[PDB]
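J.: Just dropping this structure here.
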Amino acid sequence: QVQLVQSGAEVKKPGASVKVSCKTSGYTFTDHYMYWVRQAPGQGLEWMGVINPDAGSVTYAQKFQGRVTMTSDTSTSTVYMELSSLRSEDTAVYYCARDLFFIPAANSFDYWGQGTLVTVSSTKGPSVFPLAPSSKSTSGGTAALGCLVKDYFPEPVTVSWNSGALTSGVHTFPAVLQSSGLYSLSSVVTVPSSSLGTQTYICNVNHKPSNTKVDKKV
Amino acid sequence: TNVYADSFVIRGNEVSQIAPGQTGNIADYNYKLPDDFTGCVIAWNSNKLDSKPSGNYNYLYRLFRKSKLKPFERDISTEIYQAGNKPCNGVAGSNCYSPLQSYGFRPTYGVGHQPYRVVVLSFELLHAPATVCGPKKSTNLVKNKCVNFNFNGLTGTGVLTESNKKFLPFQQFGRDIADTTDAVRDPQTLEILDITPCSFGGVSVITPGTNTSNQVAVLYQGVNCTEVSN
Amino acid sequence: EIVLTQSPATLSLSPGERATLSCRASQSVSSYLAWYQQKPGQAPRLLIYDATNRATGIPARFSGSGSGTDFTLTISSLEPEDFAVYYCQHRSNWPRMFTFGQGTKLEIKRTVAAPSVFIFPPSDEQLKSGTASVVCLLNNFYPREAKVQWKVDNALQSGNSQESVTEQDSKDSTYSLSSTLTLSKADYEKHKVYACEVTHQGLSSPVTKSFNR
Amino acid sequence: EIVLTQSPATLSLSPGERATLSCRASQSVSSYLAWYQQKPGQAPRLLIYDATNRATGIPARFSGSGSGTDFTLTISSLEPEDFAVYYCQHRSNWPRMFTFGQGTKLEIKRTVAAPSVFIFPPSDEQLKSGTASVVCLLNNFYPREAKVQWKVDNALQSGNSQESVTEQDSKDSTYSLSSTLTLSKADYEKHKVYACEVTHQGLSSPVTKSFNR
Amino acid sequence: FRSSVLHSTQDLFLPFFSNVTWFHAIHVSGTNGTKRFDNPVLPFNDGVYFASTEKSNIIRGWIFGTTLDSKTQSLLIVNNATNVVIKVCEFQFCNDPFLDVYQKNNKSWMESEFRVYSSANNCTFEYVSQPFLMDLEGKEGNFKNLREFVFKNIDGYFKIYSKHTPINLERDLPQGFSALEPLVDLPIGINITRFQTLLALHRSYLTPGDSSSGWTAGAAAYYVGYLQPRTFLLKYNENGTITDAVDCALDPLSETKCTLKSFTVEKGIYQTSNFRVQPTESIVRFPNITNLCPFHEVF
């Protein structure tokens with residue numbers, strides 16, 4: 001089965017170059033063209049661009065027009081993409097898409113990869129802070145308990161309650177980019193007011209890039 | 001940047017079937033040209049080379065296919081075609097048909113069944129530099145006339161003529177004791193050509209006096225009466 | 001380049017009916033058009049290519065048509081796995097300048113529900129560092145259309161509040177919104193009253209929750 | 001300059017035995033070395049100069065020796081007035097760049113003593129000023145090696161705790177440690193549980209003292 | 001092309017009547033006597049004037065380079081029987097002065113026996129030329145060839161010159177003018193500072209040449225001449241070739257021929273240059289010393 005394997009996460013610094021590969025499989029990498037498209041969080045596909053598996057006959061986009069290079073390699077059947085001088089607006093998820101036609105023609109994109117979260121900012125150690133409601137915040141016989149994590153740029157955290165035992169009513173909000181350049185989100189869970197004080201609720205925060213595990217009790 | 005040349009021999013009545021936007025029996029289940037084909041349909045008659053007084057078991061048409069073929073698709077498989085509800089895991093039965101058949105091109109057949117060699121020049125129009133060379137083109141050779149010469153970088157003008165001088169086969173240009181190009185070498189024919197300055201001079205108006213008359217005569221100093229009445 | 005623009009940009013329908021999303025252009029793209037489908041959490045898939053025929057691995061419910069400068073997708077029956085974002089792309093022959101549009105989100109038409117308004121004071125551990133963040137919770141409501149108002153001592157505040165909206169849940173087709181007003185420790189200790197005003201379509205009157213420090 | 005580095009940096013012995021503290025270097029300082037002695041509360045005194053002879057006003061118990069790039073002090077018998085910090089200094093001839101090291105503290109070893117864990121809640125008078133200080137007392141224990149953990153509602157605290165360690169007492173040869181958690185007024189009313197975890201070598205299990213507001 | 005002109009130019013020419021570093025790296029002895037094979041590493045500056053004399057194969061290789069240990073691009077100009085092996089590939093440079101071995105002229109082995117190949121690495125450019133630079137099969141019988149190679153390095157392209165001239169039986173170095181036309185002008189990017197040569201015996205061994213003009217095993221004629229910037233007045237013949245030249249800086253008569261722009265100077269006095277004495281010493285440590293210290297009464 002034709003499956004395009006790509007890289008995972010990769011961080012860089014403003015004024016550098018990131019090397020992201022996307023290896024092909026299933027089909028012979030000699031007749032099908034490939035395209036490298038960018039998908040921004042909340043936005044859509046922005047730039048086009050094709051790479052020739054046979055020779056270096058490529059065609060970059062009009063927005064970049066020079067600050068991007070797409071090489072070819074027939075040895076391991078793997079493409080490359082090196083964006084130069086990454087700015088604060090290039091942080092997105094890059095994809096590798098194939099085509100239904102052969103070398104001469106090109107209609108659309110059918111076979112896609114998996115994505116590569118390329119972000120440009122310095123990382124920092126996270127910090128967990130609980131969110132407990134006031135005594136007058138009990139409306140409708142229900143209470144919401146949450147935890148506000150901060151000081152973490154990457155967002156791989158899956159905030160589970162009671163080591164995953166509590167899943168009903170759990171809402172994980174997307175991360176919001178603060179003014180300091182660090183993302184932060186909240187994860188609240190709706191529990192009845194009769195369970196307050198009797199059941200222990202602990203929010204589990206795990207950040208793989210920083211290897212930080214903090215168990216915060218509400 | 002790179003032109004893909006695809007050659008194939010087809011029947012004599014399907015010369016126009018391989019065209020952008022055409023549903024043919026050999027244009028749908030075979031090499032198909034899409035609606036963006038920016039090449040040509042250059043073809044010729046081959047009733048003398050590919051003709052042979054035999055059964056002609058060398059060419060085929062590849063009609064039996066399960067689905068439509070993509071443009072620029074080359075199917076190398078030789079699996080047995082299955083029409084419907086009749087799987088043939090061994091030999092082809094009554095409902096199963098082989099995807100190949102002899103293309104009999106008899107020499108006695110007229111126009112329509114002759115072997116025609118058709119080659120399409122698929123021009124890949126990817127916006128990319130023209131590999132290694134772009135212009136590099138030469139024209140013909142005009143001599144015995146003051147014209148602008150651009151022989152391998154040398155610019156200027158003059159009357160290009162023929163010189164009886166044998167240059168050594170490593171020297172291209174040619175000068176004199178005045179640092180002036182007086183002889184060049186044709187980069188095409190490898191012959192020795194003499195570049196002479198364009199004919200110029202000075203116009204002198206002979207006037208016998210306006211008080212006497214007004215008829216005047218002009219003198220072109222340094223002209224043989226050939227480069228422009230008595 | 002041909003600026004592909006989508007007029008509706010929000011197709012809120014019910015599962016089972018038919019959908020018609022339009023993506024018009026300027027140049028003659030009757031034979032130059034592609035349709036994709038990007039689901040949240042994975043890579044976009046090819047829905048309909050060439051705008052005249054059906055793609056591979058696509059069910060019979062997806063039917064595309066159109067010619068000239070006005071195109072639309074004719075879905076037979078909506079399914080829970082069909083709610084995603086669709087795009088449009090033209091294929092120019094000579095100039096390879098393949099552009100896209102903005103995307104149309106396919107929503108689910110549930111019953112009108114009132115947003116559960118909750119307010120949370122800043123925690124002590126956050127005040128230990130000198131920062132204060134008041135969290136206002138908005139869950140179980142329609143797609144995001146209401147705006148959150150922050151009133152501190154009867155004074156409207158703006159620019160220091162951040163909102164986070166989740167995706168549409170597959171269980172009850174509801175949304176979640178959390179407004180976080182980031183303030184300093186001195187500015188928090190200077191003021192006493194902090195209110196969160198919620199004005200939603202499902203609410204007949206603006207619900208304002210406040211607390212005393 | 002020659003970075004004078006000391007490997008042990010902590011000479012914990014008993015009064016009466018012999019001591020050997022080393023201070024090595026890189027350049028040939030066999031004849032260029034000085035030894036000092038800094039007592040807490042006064043000025044450092046000259047112990048041994050030139051590293052080959054004895055200084056003036058120095059008892060016979062202090063004996064220095066060494067040559068090449070490895071030097072050490074050979075104390076005959078330790079006395080209660082000898083427990084101090086020693087340093088090393090080389091005397092370069094041409095470049096006047098006299099540097100020093102880090103210092104080695106000489107402490108007494110009495111016995112394995114368990115630290116007395118005590119916790120003090122903030123008084124009501126301090127809460128009126130807007131601040132709250134929770135003091136965790138650690139007295140009668142070995143030289144400072146344990147770290148203090150603050151658990152507020154079973155949540156580990158870090159960065160907001162300050163520790164103060166006294167000098168070695170001349171009466172019982174014990175130390176004292178006080179951890180003061182600086183909090184605010186609103187930071188004490190919301191939270192209820194405040195615990196101080198003490199994990200010391202003399203304790204078989206971490207002793208945690210907590211109180212309810 | 002110039003015809004019957006007295007042209008003067010400034011370029012890295014070889015000065016007339018100079019000291020050519022001849023290294024007679026011959027290895028031959030009829031009584032099995034111990035002999036040495038010379039192979040000095042000479043510095044390459046402003047060019048070289050490699051001009052050897054062989055019969056079938058004595059010197060085959062003009063490997064240039066600064067430090068041939070691990071940080072120098074190869075410049076092999078080996079011209080064997082198959083083709084030219086000009087290559088600028090960077091690799092582990094060898095220190096062997098001999099290609100394979102001086103003996104073993106049997107044709108049962110490889111045509112060149114590339115034993116200097118230690119390990120190939122990433123290359124930069126290659127040039128395979130069909131016309132070989134050494135064209136001689138020994139069909140004369142007793143006469144050798146006289147080739148000369150002016151290998152100069154410029155900031156742009158690398159120039160190579162060569163010319164074949166009869167070197168029939170003589171007594172001393174051939175005193176005769178010979179113009180050198182360029183053959184290849186391949187680009188170069190490595191700034192070479194030293195030079196090395198290769199010597200080996202080809203597999204095409206002829207009959208035993210007991211005479212002096214026969215077996216040329218112990219007959220190396222490795223010459224080297226350093227170039228320098230100097231003006232040269234060139235006279236072109238009616239066929240476009242150079243018949244003779246002057247040095248313009250060797251003798252006072254040469255400077256008169258150079259200034260008057262003619263190889264024939266008439267009887268008379270001619271002003272050529274201007275004499276000027278250069279300062280020998282240099283006064284420094286400015287005057288007006290300060291006062292003198294009271295060093296007295298102490299001594």
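Chain labels follow the order of the structure tokens: the first chain is A, the next B, and so on; residue numbering restarts at 1 in every chain, and ligands are counted from 1 in their shown order.
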Determine, counting only C-alpha atoms, which protein, DNA and RNA residues have an atom within 9 Å of an atom of residue 216 in chain E; residues of the same chain fewer than 6 positions away are not included. Present the result as a PDB file with C-alpha atoms, in the first residue's frame.
T.:
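Once written, selection-v3.pdb looks like this:
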ATOM      1  CA  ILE E  26      68.451   7.905 -13.260  1.00  0.00           C
ATOM      2  CA  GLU E  54      62.013  10.239 -22.915  1.00  0.00           C
ATOM      3  CA  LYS E  55      61.641   7.496 -25.517  1.00  0.00           C
ATOM      4  CA  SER E  56      58.526   5.454 -24.651  1.00  0.00           C
ATOM      5  CA  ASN E  57      57.655   6.224 -21.021  1.00  0.00           C
ATOM      6  CA  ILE E  58      59.795   7.859 -18.325  1.00  0.00           C
ATOM      7  CA  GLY E 209      68.399  -1.067 -25.635  1.00  0.00           C
TER       8      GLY E 209
END
J.: Skip residue 143 in chain B itself and residues of its chain fewer than 2 positions away, then list as a compact mmCIF listing (two decimals) with C-alpha atoms, in the first residue's frame all residues within 7 Å of it, counting only C-alpha atoms.
T.:
# COMPACT_ATOMS: atom_id res chain seq x y z
CA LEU B 141 27.25 34.49 -43.42
CA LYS B 145 29.02 44.36 -47.18
CA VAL B 159 33.07 44.97 -44.63
CA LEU B 160 33.59 41.27 -43.96
CA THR B 161 35.75 39.84 -46.75
J.: Based on only C-alpha atoms, which of the residues in chain C come within 9 Å of chain B? I want them as a list in words.
T.: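 Taking only C-alpha atoms into account, residues 31, 92, 93, 94, 95 and 96 of chain C sit within 9 Å of chain B.
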J.: Hey, list the chain C side of the contact with chain D: 9 Å cut-off, only C-alpha atoms, answer as a list in words.
T.: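 Applying the cut-off to the listed atoms yields residues 123, 124, 125, 127, 128, 129 and 213 of chain C.
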J.: Nearest to residue 75 in chain A among A:108, A:28, A:59, A:212, with distances taken over only C-alpha atoms: which residue is it?
T.: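 Closest candidate: A:28.
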